[PDB]
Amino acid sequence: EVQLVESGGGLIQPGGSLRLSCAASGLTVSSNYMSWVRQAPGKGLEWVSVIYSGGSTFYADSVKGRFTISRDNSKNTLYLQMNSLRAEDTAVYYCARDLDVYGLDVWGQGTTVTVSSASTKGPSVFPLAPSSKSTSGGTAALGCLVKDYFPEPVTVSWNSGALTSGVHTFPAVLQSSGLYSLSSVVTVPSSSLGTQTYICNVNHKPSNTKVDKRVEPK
């Protein structure tokens, strides 16, 4: 069927280089307007570049001279060479077929490019101890603070997955230091603070760090 398959994204330092590839089926790249669209974390959509069927290439002002769009008809694949990468370029990159007034009808699944503005750092886990100020009668709240890690993602489980109800793992936030922070909380009975072992299991694959922290009451 018709489909655009993207690949070629990862983590890279500022001034680095990477090449995105958008393999196509059900349409001919060399005969269509082919565009790249990127979506920054938590932001909207922005056009990046477009290649015409006649070969003319147009780029956004923020990427002109650094990014190069190209295609290979023998492989029916659309390319996006990204050089001199900066922190502005971290986003999910989408390849799409442009029909001008008829819009962008076919899209690819997307490829994440995270330029390494900060070094790959493991997370420091700090306990959010339950207390009277965190007690709601018969139910109490506790959790762990996962701070100063790069890049995404981090996986947090509670009691090796044995505790799921009441678990709220919040979306990550990027601090001013360029490092991500996250908090996972769980609401548990106040009478179980002295009988049940509450442990948060934080795993950060890029840094190969696995931390299990027991959240203790009082």
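For every residue, the number given is its place in the sequence shown, counted from 1.
J.: Averaging only over Cα atoms, indicate whether 9 to 17 or 199 to 207 has the higher B-factor in the PDB entry.
T.: Per the PDB record, 9 to 17.
J.: Mean C-alpha B factor from the entry: is it higher for 129 to 137 or for 90 to 98?
T.: Mean CA B-factor is higher for 129 to 137.
J.: Which is it among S49, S56, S31, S160: the one with the largest CA B-factor in the entry?
T.: Each of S49, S56, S31, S160 was compared by C-alpha B-factor; the highest is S160.
J.: Highest recorded C-alpha temperature factor, please, choosing from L104, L78, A118, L145.
T.: Max CA B-factor in the entry, restricted to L104, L78, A118, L145: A118.
J.: Split into thirds by Cα B-factor across the chain's modelled residues, where does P153 land: lowest, middle or highest?
T.: According to the entry, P153 has a C-alpha B-factor in the chain's middle third.
J.: Place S192 in the lowest, middle or highest third of its chain's C-alpha B-factors, as listed in the PDB entry.
T.: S192: CA B-factor falls in the highest third of its chain.
J.: For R38, does the deposited CA B-factor place it in the lowest, middle or highest third of the chain?
T.: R38: CA B-factor falls in the lowest third of its chain.
J.: Where does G178 sit by CA temperature factor within its chain: lowest, middle or highest third?
T.: For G178, the deposited C-alpha B-factor lands in the lowest third.
J.: Which third, lowest, middle or highest, does the CA B-factor of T169 fall in along this chain?
T.: Ranked within chain, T169 CA B lands in the middle tercile.
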